[PDB]
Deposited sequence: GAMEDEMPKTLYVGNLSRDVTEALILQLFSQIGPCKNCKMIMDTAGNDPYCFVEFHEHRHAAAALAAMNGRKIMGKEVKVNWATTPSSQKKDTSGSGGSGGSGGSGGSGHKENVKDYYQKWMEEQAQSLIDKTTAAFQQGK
């Protein structure tokens, strides 16, 4: 049926990153079902309800700076030159919501 991947690996997080901050970030891309945070550098697993939301978060979030530290996003397990301007737009949108979410994280 629909065994498409819905879980993501979110590594290279800062030790000041909260499990709730990761959940609040990825919930602004799609509704998340679970988000468990855990290696010195903490990593986290984020499960979405829909494959389309997990695939979009992977494309936009991988490579961004959460709090001055580049984050690594990938599929949790291995599943069974156009589009460049749209790829740059997604990354710019992803970095914008990271800055605004981490801004209210202190205020």
Which deposited-sequence positions, grouped into ranges, are missing C-alpha coordinates?
1-3, 42-45, 88-112, 140-141
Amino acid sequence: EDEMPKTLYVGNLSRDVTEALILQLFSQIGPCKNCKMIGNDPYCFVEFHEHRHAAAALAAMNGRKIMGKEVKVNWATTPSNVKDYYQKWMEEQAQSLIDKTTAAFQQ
From here on, numbers count along this sequence of modelled residues.
Entry-level comparison of average CA B-factors, 90-98 and 11-19, reporting the higher stretch
11-19
Should the higher mean CA B-factor in the entry be assigned to 66-74 or to 51-59?
66-74
What third of its chain, lowest, middle or highest, does the C-alpha temperature factor of residue 38 fall into?
highest
Quick one: classify residue 44 as lowest, middle or highest third of the chain based on its Cα B-factor.
middle
